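Scroll down for the structure; my scribbles are underneath it.
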Amino acid sequence: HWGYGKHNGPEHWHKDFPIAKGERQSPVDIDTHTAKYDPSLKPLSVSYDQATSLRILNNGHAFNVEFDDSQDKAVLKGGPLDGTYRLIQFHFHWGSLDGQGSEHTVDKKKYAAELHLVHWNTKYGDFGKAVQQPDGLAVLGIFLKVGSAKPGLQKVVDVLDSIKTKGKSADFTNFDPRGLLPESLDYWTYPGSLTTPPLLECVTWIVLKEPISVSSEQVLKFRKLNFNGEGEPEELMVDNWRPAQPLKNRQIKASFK
Ligand SMILES: CC(=O)/N=c1\sc(S(N)(=O)=O)nn1C
Ligand SMILES: [Zn+2]
């Protein structure tokens, strides 16, 4: 099946998921001098005070922190969005070295990792229906650079030992995702897709300009996870990122000048 190895990596995905060569694939390089400042872009409204985190899971591709999305508890509005989007989960993509790891790039610069907060449009009823629509999802992307430690990320780091291998999960309650946001909410936005199979083109991307800083010790613990299941040959979970895809007929807009 698909993965990030040499025999099942991104360059092979198109064989089982032809949309891999679509017209609005993600991620992309954000060229800052080509981006169009759009004053018609509203500020983002992130309402995470009632968020209810439930569990943390190693799915063999990354680790996800899942939330209760049975009601409007953690929602994203405003920005380039029409309607209310509910937070369902968040996860990261990272590298084997501090010089790579992010999916999106800025003027070709790669960050150490990238955080993805996934939301789905409530007008569609369930996540499964949302992914089949062009405005189905809204993913908030945040870059991570290596520097000072991020206190609000340490609770996640500490629990990684318990979900080392594929399929493992652990209760993960009372985590506040507000601790993962940078000061400013200035962003870039463009229409795109999911960055791993099924690669559906149902995403409105909102990438924050301001990265968050994490310590080398924190990223190091991400790199100790495994792609493999327990009892199988150890394969380190690193470089689970898809390289930039052609922009084609798309315009990246900026909420700031
Ligand atoms: C359930 C869910 O969040 N799936 C996702 S999220 C996602 S991403 N990496 O945010 O574009 N890719 N896929 C397959
Ligand atoms: Zn992702």
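We count from 1, first residue shown onward.
Just so it is clear, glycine is given a Cβ too, placed from its N, Cα and C backbone atoms.
Here's what Swiss-Prot has on this protein:
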type: ACT_SITE; residues: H61; note: active site, proton donor/acceptor
type: BINDING; residues: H91, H93, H116; note: Zn(2+) binding site
type: MOD_RES; residues: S162; note: phosphoserine
type: MOD_RES; residues: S169; note: phosphoserine
type: BINDING; residues: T195, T196; note: substrate binding site
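Features recorded in Swiss-Prot, as mapped to the structure shown.
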| residue | record | contacts (Cβ under 8 Å, 6+ apart) |
| --- | --- | --- |
| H61 | active site, proton donor/acceptor | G3, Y4, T196, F227, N240 |
| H91 | Zn(2+) binding site | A62, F63, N64, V65, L115, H116, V118 |
| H93 | Zn(2+) binding site | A62, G101, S102, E103, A113, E114, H116, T195, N240, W241, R242 |
| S162 | phosphoserine | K168, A170 |
| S169 | phosphoserine | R55, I56, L57, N58, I163 |
Among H61, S162, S169, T196, the recorded positions in the record, which have a C-beta under 6 A from ligand 2?
-> none
What other residues of the same chain, not counting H91, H93, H116, have a CB atom within 8 A of the CB centroid of the Zn(2+) site?
-> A62, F90, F92, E103, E114, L115, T195
Ligand 1 is in the model; which of the recorded positions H61, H93, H116, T195, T196 have a C-beta less than 6 angstroms from one of its atoms?
-> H116, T195, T196
Hey, which of the binding-site residues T195, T196 is the loneliest by Cβ count within 10 Å?
-> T196
So, in DSSP terms, is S169 (phosphoserine) helix, strand, or coil?
-> strand
In three-state DSSP terms, the structure that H93 (Zn(2+) binding site) belongs to | strand
Under DSSP, is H61 (active site, proton donor/acceptor) helix, strand or coil?
-> coil
